[PDB]
There are 2 protein chains.
Amino acid sequence: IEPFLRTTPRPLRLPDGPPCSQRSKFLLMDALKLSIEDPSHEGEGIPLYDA
Amino acid sequence: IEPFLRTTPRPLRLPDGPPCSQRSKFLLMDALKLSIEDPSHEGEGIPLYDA
């Protein structure tokens with residue numbers, strides 16, 4: 001058993017290289033939306049005409 | 001020339017018979033509406049889908 005002291009743990013060594021790139025399926029914080037208002041008398045509109 | 005005094009004119013004689021009936025092409029004072037609101041994105045809606 002080797003004892004685990006307050007000086008034993010070391011930081012994780014992150015790899016080197018060129019910076020990572022986005023891989024999500026859609027934009028997260030850079031997304032821009034075009035918005036419209038749909039009053040009560042709409043129910044469920046076909047996604048194509050909403051676009 | 002026969003003079004026209006304040007006792008000469010007589011009221012028009014309206015005809016007799018059963019009471020007259022409506023002949024307008026749409027209801028005037030008995031009409032009822034089914035209404036929907038529209039903001040600004042419904043600009044030129046097809047009259048069939050509005051109905």
# chains A, B, ... in the order shown; residues from 1 in each chain; ligands from 1
>>> interface_residues(of="chain B", to="chain A", cutoff="10 Å", atoms="only C-alpha atoms", output="PyMOL selection string")
chain B and resi 36-41
>>> select_by_dssp(residues="chain A", states="helix (DSSP H, G or I)", output="ChimeraX atom specification")
/A:47-50
>>> write_last_selection(atoms="N, CA and C atoms", output="PDB file, in the first residue's frame")
ATOM      1  N   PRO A  47     -44.837  21.893 -40.553  1.00  0.00           N
ATOM      2  CA  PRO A  47     -43.507  22.513 -40.421  1.00  0.00           C
ATOM      3  C   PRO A  47     -42.996  23.212 -41.672  1.00  0.00           C
ATOM      4  N   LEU A  48     -43.455  22.820 -42.861  1.00  0.00           N
ATOM      5  CA  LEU A  48     -42.961  23.454 -44.079  1.00  0.00           C
ATOM      6  C   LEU A  48     -43.499  24.872 -44.229  1.00  0.00           C
ATOM      7  N   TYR A  49     -44.776  25.085 -43.911  1.00  0.00           N
ATOM      8  CA  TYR A  49     -45.353  26.418 -44.042  1.00  0.00           C
ATOM      9  C   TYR A  49     -44.929  27.337 -42.905  1.00  0.00           C
ATOM     10  N   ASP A  50     -44.657  26.781 -41.723  1.00  0.00           N
ATOM     11  CA  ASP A  50     -44.065  27.581 -40.656  1.00  0.00           C
ATOM     12  C   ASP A  50     -42.698  28.111 -41.068  1.00  0.00           C
TER      13      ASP A  50
END
>>> atom_distance(atom1="atom CA of residue A:12", atom2="atom CA of residue A:29")
28.2 Å
